[PDB]
Amino acid sequence: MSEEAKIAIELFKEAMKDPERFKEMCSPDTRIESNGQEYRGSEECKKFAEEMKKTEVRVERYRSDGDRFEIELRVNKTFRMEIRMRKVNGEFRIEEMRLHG
């Protein structure tokens with residue numbers, strides 16, 4: 001429950017700190033939407049992470065399912081971020097994430 005997400009939340013937060021670590025988390029399934037602009041796939045997501053490197057994160061909301069985790073964050077320039085992740089073999093994949101600020 002709390003722990004898995006913590007790890008999952010922390011991993012994303014740690015991935016926010018390390019741009020290349022973020023590149024690892026992505027799969028071809030990954031879909032990202034930012035300001036009406038869409039990024040989809042392994043390569044495209046890694047390409048997104050580089051742009052995000054140019055940037056105090058607060059977790060406003062969190063939801064838990066065994067397979068998948070839905071997380072809603074506050075980015076602080078202030079923005080709101082929603083992330084959906086699925087746990088695969090002790091590793092976490094970013095199934096989707098949308099940043100609407």
# chains A, B, ... in the order shown; residues from 1 in each chain; ligands from 1
call {"tool": "residues_around", "arguments": {"residues": "residue A:96", "least_positions_apart": "4", "cutoff": "8 Å", "atoms": "only C-alpha atoms", "output": "number ranges by chain"}}
result
A: 29-32, 83-85
call {"tool": "write_last_selection", "arguments": {"atoms": "C-alpha atoms", "output": "PDB file, in the first residue's frame"}}
result
ATOM      1  CA  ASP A  29       3.194   2.103 -24.487  1.00  0.00           C
ATOM      2  CA  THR A  30       4.070   5.390 -22.774  1.00  0.00           C
ATOM      3  CA  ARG A  31       1.919   8.386 -23.705  1.00  0.00           C
ATOM      4  CA  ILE A  32       2.719  11.934 -22.574  1.00  0.00           C
ATOM      5  CA  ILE A  83       1.104  10.193 -13.760  1.00  0.00           C
ATOM      6  CA  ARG A  84      -0.005   6.607 -14.321  1.00  0.00           C
ATOM      7  CA  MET A  85       2.539   3.847 -13.727  1.00  0.00           C
TER       8      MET A  85
END
call {"tool": "select_by_dssp", "arguments": {"residues": "stretch 1-100 of chain A", "states": "helix (DSSP H, G or I)", "output": "ChimeraX atom specification"}}
result
/A:2-17,19-24,42-52
call {"tool": "residues_around", "arguments": {"residues": "residue A:20", "least_positions_apart": "6", "cutoff": "10 Å", "atoms": "only C-alpha atoms", "output": "list in words"}}
result
residues 46, 49, 50 and 53 of chain A
call {"tool": "closest_residue", "arguments": {"among": "A:27, A:2, A:76, A:37", "to": "residue A:55", "atoms": "only C-alpha atoms"}}
result
A:76
call {"tool": "select_by_dssp", "arguments": {"residues": "chain A", "states": "strand (DSSP E)", "output": "PDB file with N, CA, C and O atoms, in the first residue's frame"}}
result
ATOM      1  N   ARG A  31       2.524   7.239 -23.041  1.00  0.00           N
ATOM      2  CA  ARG A  31       1.919   8.386 -23.705  1.00  0.00           C
ATOM      3  C   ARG A  31       1.984   9.622 -22.812  1.00  0.00           C
ATOM      4  O   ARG A  31       1.540   9.593 -21.666  1.00  0.00           O
ATOM      5  N   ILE A  32       2.540  10.706 -23.343  1.00  0.00           N
ATOM      6  CA  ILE A  32       2.719  11.934 -22.574  1.00  0.00           C
ATOM      7  C   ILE A  32       2.053  13.131 -23.245  1.00  0.00           C
ATOM      8  O   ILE A  32       2.243  13.368 -24.434  1.00  0.00           O
ATOM      9  N   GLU A  33       1.276  13.885 -22.473  1.00  0.00           N
ATOM     10  CA  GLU A  33       0.608  15.077 -22.986  1.00  0.00           C
ATOM     11  C   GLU A  33       1.006  16.320 -22.187  1.00  0.00           C
ATOM     12  O   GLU A  33       0.815  16.373 -20.974  1.00  0.00           O
ATOM     13  N   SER A  34       1.565  17.313 -22.874  1.00  0.00           N
ATOM     14  CA  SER A  34       1.986  18.554 -22.225  1.00  0.00           C
ATOM     15  C   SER A  34       1.588  19.775 -23.044  1.00  0.00           C
ATOM     16  O   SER A  34       2.097  19.985 -24.146  1.00  0.00           O
ATOM     17  N   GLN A  37       0.584  19.246 -26.451  1.00  0.00           N
ATOM     18  CA  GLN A  37       1.602  18.548 -27.229  1.00  0.00           C
ATOM     19  C   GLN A  37       1.772  17.120 -26.720  1.00  0.00           C
ATOM     20  O   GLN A  37       1.889  16.894 -25.516  1.00  0.00           O
ATOM     21  N   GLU A  38       1.792  16.160 -27.641  1.00  0.00           N
ATOM     22  CA  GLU A  38       1.793  14.750 -27.266  1.00  0.00           C
ATOM     23  C   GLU A  38       3.093  14.026 -27.611  1.00  0.00           C
ATOM     24  O   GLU A  38       3.627  14.166 -28.712  1.00  0.00           O
ATOM     25  N   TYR A  39       3.590  13.253 -26.649  1.00  0.00           N
ATOM     26  CA  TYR A  39       4.775  12.423 -26.832  1.00  0.00           C
ATOM     27  C   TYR A  39       4.431  10.968 -26.526  1.00  0.00           C
ATOM     28  O   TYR A  39       3.930  10.656 -25.444  1.00  0.00           O
ATOM     29  N   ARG A  40       4.700  10.080 -27.478  1.00  0.00           N
ATOM     30  CA  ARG A  40       4.332   8.678 -27.320  1.00  0.00           C
ATOM     31  C   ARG A  40       5.426   7.731 -27.788  1.00  0.00           C
ATOM     32  O   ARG A  40       5.958   7.863 -28.893  1.00  0.00           O
ATOM     33  N   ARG A  58       5.104  18.456  -4.735  1.00  0.00           N
ATOM     34  CA  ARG A  58       4.139  18.047  -3.714  1.00  0.00           C
ATOM     35  C   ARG A  58       3.097  17.094  -4.287  1.00  0.00           C
ATOM     36  O   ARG A  58       2.547  17.341  -5.358  1.00  0.00           O
ATOM     37  N   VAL A  59       2.830  16.003  -3.576  1.00  0.00           N
ATOM     38  CA  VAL A  59       1.862  15.016  -4.038  1.00  0.00           C
ATOM     39  C   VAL A  59       0.475  15.371  -3.536  1.00  0.00           C
ATOM     40  O   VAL A  59       0.166  15.166  -2.366  1.00  0.00           O
ATOM     41  N   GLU A  60      -0.356  15.909  -4.421  1.00  0.00           N
ATOM     42  CA  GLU A  60      -1.701  16.319  -4.042  1.00  0.00           C
ATOM     43  C   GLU A  60      -2.638  15.124  -3.917  1.00  0.00           C
ATOM     44  O   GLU A  60      -3.512  15.091  -3.047  1.00  0.00           O
ATOM     45  N   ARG A  61      -2.449  14.143  -4.790  1.00  0.00           N
ATOM     46  CA  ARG A  61      -3.335  12.990  -4.835  1.00  0.00           C
ATOM     47  C   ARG A  61      -2.558  11.735  -5.174  1.00  0.00           C
ATOM     48  O   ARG A  61      -1.524  11.798  -5.832  1.00  0.00           O
ATOM     49  N   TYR A  62      -3.058  10.596  -4.718  1.00  0.00           N
ATOM     50  CA  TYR A  62      -2.441   9.317  -5.025  1.00  0.00           C
ATOM     51  C   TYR A  62      -3.488   8.209  -5.012  1.00  0.00           C
ATOM     52  O   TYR A  62      -4.411   8.231  -4.198  1.00  0.00           O
ATOM     53  N   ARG A  63      -3.333   7.232  -5.904  1.00  0.00           N
ATOM     54  CA  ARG A  63      -4.254   6.099  -5.980  1.00  0.00           C
ATOM     55  C   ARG A  63      -3.485   4.806  -6.239  1.00  0.00           C
ATOM     56  O   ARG A  63      -2.458   4.809  -6.913  1.00  0.00           O
ATOM     57  N   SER A  64      -3.996   3.699  -5.712  1.00  0.00           N
ATOM     58  CA  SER A  64      -3.246   2.451  -5.728  1.00  0.00           C
ATOM     59  C   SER A  64      -4.035   1.266  -6.253  1.00  0.00           C
ATOM     60  O   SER A  64      -5.129   0.962  -5.781  1.00  0.00           O
ATOM     61  N   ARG A  68      -1.237  -1.172 -11.325  1.00  0.00           N
ATOM     62  CA  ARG A  68      -1.047   0.206 -11.758  1.00  0.00           C
ATOM     63  C   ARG A  68      -1.171   1.227 -10.633  1.00  0.00           C
ATOM     64  O   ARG A  68      -1.941   1.046  -9.692  1.00  0.00           O
ATOM     65  N   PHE A  69      -0.411   2.313 -10.747  1.00  0.00           N
ATOM     66  CA  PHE A  69      -0.478   3.407  -9.786  1.00  0.00           C
ATOM     67  C   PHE A  69      -0.771   4.740 -10.477  1.00  0.00           C
ATOM     68  O   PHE A  69      -0.072   5.134 -11.407  1.00  0.00           O
ATOM     69  N   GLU A  70      -1.809   5.426 -10.013  1.00  0.00           N
ATOM     70  CA  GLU A  70      -2.163   6.751 -10.514  1.00  0.00           C
ATOM     71  C   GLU A  70      -1.736   7.806  -9.504  1.00  0.00           C
ATOM     72  O   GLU A  70      -2.129   7.750  -8.338  1.00  0.00           O
ATOM     73  N   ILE A  71      -0.926   8.762  -9.941  1.00  0.00           N
ATOM     74  CA  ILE A  71      -0.417   9.782  -9.030  1.00  0.00           C
ATOM     75  C   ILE A  71      -0.618  11.183  -9.595  1.00  0.00           C
ATOM     76  O   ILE A  71      -0.409  11.420 -10.783  1.00  0.00           O
ATOM     77  N   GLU A  72      -1.032  12.110  -8.741  1.00  0.00           N
ATOM     78  CA  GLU A  72      -1.207  13.495  -9.153  1.00  0.00           C
ATOM     79  C   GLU A  72      -0.306  14.408  -8.325  1.00  0.00           C
ATOM     80  O   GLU A  72      -0.347  14.397  -7.093  1.00  0.00           O
ATOM     81  N   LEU A  73       0.512  15.195  -9.021  1.00  0.00           N
ATOM     82  CA  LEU A  73       1.557  15.989  -8.382  1.00  0.00           C
ATOM     83  C   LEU A  73       1.396  17.491  -8.560  1.00  0.00           C
ATOM     84  O   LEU A  73       0.675  17.960  -9.441  1.00  0.00           O
ATOM     85  N   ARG A  74       2.090  18.241  -7.709  1.00  0.00           N
ATOM     86  CA  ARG A  74       2.199  19.680  -7.881  1.00  0.00           C
ATOM     87  C   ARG A  74       3.648  20.047  -8.179  1.00  0.00           C
ATOM     88  O   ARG A  74       4.561  19.684  -7.435  1.00  0.00           O
ATOM     89  N   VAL A  75       3.849  20.765  -9.279  1.00  0.00           N
ATOM     90  CA  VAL A  75       5.188  21.133  -9.719  1.00  0.00           C
ATOM     91  C   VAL A  75       5.547  22.580  -9.376  1.00  0.00           C
ATOM     92  O   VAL A  75       4.938  23.524  -9.885  1.00  0.00           O
ATOM     93  N   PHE A  79       2.952  24.138 -11.983  1.00  0.00           N
ATOM     94  CA  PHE A  79       2.174  23.287 -12.879  1.00  0.00           C
ATOM     95  C   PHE A  79       1.626  22.070 -12.142  1.00  0.00           C
ATOM     96  O   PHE A  79       2.142  21.682 -11.093  1.00  0.00           O
ATOM     97  N   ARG A  80       0.575  21.472 -12.698  1.00  0.00           N
ATOM     98  CA  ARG A  80      -0.032  20.280 -12.117  1.00  0.00           C
ATOM     99  C   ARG A  80       0.239  19.069 -13.001  1.00  0.00           C
ATOM    100  O   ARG A  80       0.046  19.126 -14.215  1.00  0.00           O
ATOM    101  N   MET A  81       0.684  17.974 -12.393  1.00  0.00           N
ATOM    102  CA  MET A  81       1.096  16.800 -13.155  1.00  0.00           C
ATOM    103  C   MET A  81       0.412  15.519 -12.686  1.00  0.00           C
ATOM    104  O   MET A  81       0.380  15.220 -11.492  1.00  0.00           O
ATOM    105  N   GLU A  82      -0.128  14.762 -13.638  1.00  0.00           N
ATOM    106  CA  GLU A  82      -0.765  13.484 -13.331  1.00  0.00           C
ATOM    107  C   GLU A  82      -0.045  12.333 -14.033  1.00  0.00           C
ATOM    108  O   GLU A  82       0.178  12.373 -15.240  1.00  0.00           O
ATOM    109  N   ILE A  83       0.311  11.310 -13.261  1.00  0.00           N
ATOM    110  CA  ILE A  83       1.104  10.193 -13.760  1.00  0.00           C
ATOM    111  C   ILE A  83       0.443   8.844 -13.496  1.00  0.00           C
ATOM    112  O   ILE A  83      -0.064   8.592 -12.404  1.00  0.00           O
ATOM    113  N   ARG A  84       0.454   7.976 -14.499  1.00  0.00           N
ATOM    114  CA  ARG A  84      -0.005   6.607 -14.321  1.00  0.00           C
ATOM    115  C   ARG A  84       1.143   5.649 -14.593  1.00  0.00           C
ATOM    116  O   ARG A  84       1.766   5.701 -15.652  1.00  0.00           O
ATOM    117  N   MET A  85       1.424   4.783 -13.626  1.00  0.00           N
ATOM    118  CA  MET A  85       2.539   3.847 -13.727  1.00  0.00           C
ATOM    119  C   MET A  85       2.082   2.419 -13.478  1.00  0.00           C
ATOM    120  O   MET A  85       1.133   2.188 -12.734  1.00  0.00           O
ATOM    121  N   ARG A  86       2.768   1.460 -14.090  1.00  0.00           N
ATOM    122  CA  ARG A  86       2.488   0.054 -13.838  1.00  0.00           C
ATOM    123  C   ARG A  86       3.768  -0.664 -13.425  1.00  0.00           C
ATOM    124  O   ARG A  86       4.819  -0.485 -14.042  1.00  0.00           O
ATOM    125  N   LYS A  87       3.679  -1.475 -12.374  1.00  0.00           N
ATOM    126  CA  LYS A  87       4.847  -2.190 -11.866  1.00  0.00           C
ATOM    127  C   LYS A  87       5.114  -3.457 -12.673  1.00  0.00           C
ATOM    128  O   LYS A  87       4.244  -4.319 -12.802  1.00  0.00           O
ATOM    129  N   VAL A  88       6.321  -3.566 -13.217  1.00  0.00           N
ATOM    130  CA  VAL A  88       6.696  -4.724 -14.021  1.00  0.00           C
ATOM    131  C   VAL A  88       7.953  -5.404 -13.486  1.00  0.00           C
ATOM    132  O   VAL A  88       9.057  -4.868 -13.594  1.00  0.00           O
ATOM    133  N   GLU A  91      10.105  -3.555 -11.318  1.00  0.00           N
ATOM    134  CA  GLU A  91      10.474  -2.291 -11.947  1.00  0.00           C
ATOM    135  C   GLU A  91       9.211  -1.518 -12.314  1.00  0.00           C
ATOM    136  O   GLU A  91       8.135  -2.103 -12.440  1.00  0.00           O
ATOM    137  N   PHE A  92       9.338  -0.206 -12.484  1.00  0.00           N
ATOM    138  CA  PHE A  92       8.172   0.628 -12.763  1.00  0.00           C
ATOM    139  C   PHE A  92       8.214   1.267 -14.150  1.00  0.00           C
ATOM    140  O   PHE A  92       9.214   1.868 -14.541  1.00  0.00           O
ATOM    141  N   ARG A  93       7.115   1.134 -14.885  1.00  0.00           N
ATOM    142  CA  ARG A  93       6.991   1.745 -16.201  1.00  0.00           C
ATOM    143  C   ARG A  93       5.994   2.892 -16.178  1.00  0.00           C
ATOM    144  O   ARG A  93       4.915   2.776 -15.600  1.00  0.00           O
ATOM    145  N   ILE A  94       6.357   4.001 -16.812  1.00  0.00           N
ATOM    146  CA  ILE A  94       5.434   5.116 -16.944  1.00  0.00           C
ATOM    147  C   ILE A  94       4.442   4.815 -18.058  1.00  0.00           C
ATOM    148  O   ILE A  94       4.754   4.984 -19.237  1.00  0.00           O
ATOM    149  N   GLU A  95       3.255   4.355 -17.681  1.00  0.00           N
ATOM    150  CA  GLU A  95       2.234   4.012 -18.659  1.00  0.00           C
ATOM    151  C   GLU A  95       1.762   5.273 -19.370  1.00  0.00           C
ATOM    152  O   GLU A  95       1.604   5.288 -20.590  1.00  0.00           O
ATOM    153  N   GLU A  96       1.553   6.332 -18.596  1.00  0.00           N
ATOM    154  CA  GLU A  96       1.187   7.630 -19.147  1.00  0.00           C
ATOM    155  C   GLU A  96       1.417   8.733 -18.127  1.00  0.00           C
ATOM    156  O   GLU A  96       1.482   8.482 -16.923  1.00  0.00           O
ATOM    157  N   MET A  97       1.563   9.956 -18.623  1.00  0.00           N
ATOM    158  CA  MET A  97       1.646  11.123 -17.761  1.00  0.00           C
ATOM    159  C   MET A  97       1.223  12.372 -18.527  1.00  0.00           C
ATOM    160  O   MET A  97       1.581  12.556 -19.686  1.00  0.00           O
ATOM    161  N   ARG A  98       0.440  13.222 -17.876  1.00  0.00           N
ATOM    162  CA  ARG A  98      -0.020  14.446 -18.512  1.00  0.00           C
ATOM    163  C   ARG A  98       0.302  15.648 -17.633  1.00  0.00           C
ATOM    164  O   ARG A  98       0.078  15.629 -16.421  1.00  0.00           O
ATOM    165  N   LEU A  99       0.855  16.685 -18.249  1.00  0.00           N
ATOM    166  CA  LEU A  99       1.185  17.904 -17.527  1.00  0.00           C
ATOM    167  C   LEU A  99       0.353  19.063 -18.056  1.00  0.00           C
ATOM    168  O   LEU A  99       0.661  19.635 -19.099  1.00  0.00           O
ATOM    169  N   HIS A 100      -0.708  19.399 -17.332  1.00  0.00           N
ATOM    170  CA  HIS A 100      -1.533  20.544 -17.687  1.00  0.00           C
ATOM    171  C   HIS A 100      -1.388  21.641 -16.638  1.00  0.00           C
ATOM    172  O   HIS A 100      -1.876  21.510 -15.515  1.00  0.00           O
TER     173      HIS A 100
END
call {"tool": "closest_residue", "arguments": {"among": "A:54, A:36, A:41, A:90", "to": "residue A:18", "atoms": "only C-alpha atoms"}}
result
A:54
call {"tool": "atom_distance", "arguments": {"atom1": "atom CA of residue A:35", "atom2": "atom CA of residue A:8"}}
result
24.7 Å
call {"tool": "atom_distance", "arguments": {"atom1": "atom CA of residue A:65", "atom2": "atom CA of residue A:7"}}
result
14.2 Å
call {"tool": "atom_distance", "arguments": {"atom1": "atom CA of residue A:9", "atom2": "atom CA of residue A:43"}}
result
22.8 Å
call {"tool": "closest_residue", "arguments": {"among": "A:12, A:89, A:47, A:78", "to": "residue A:101", "atoms": "only C-alpha atoms"}}
result
A:78
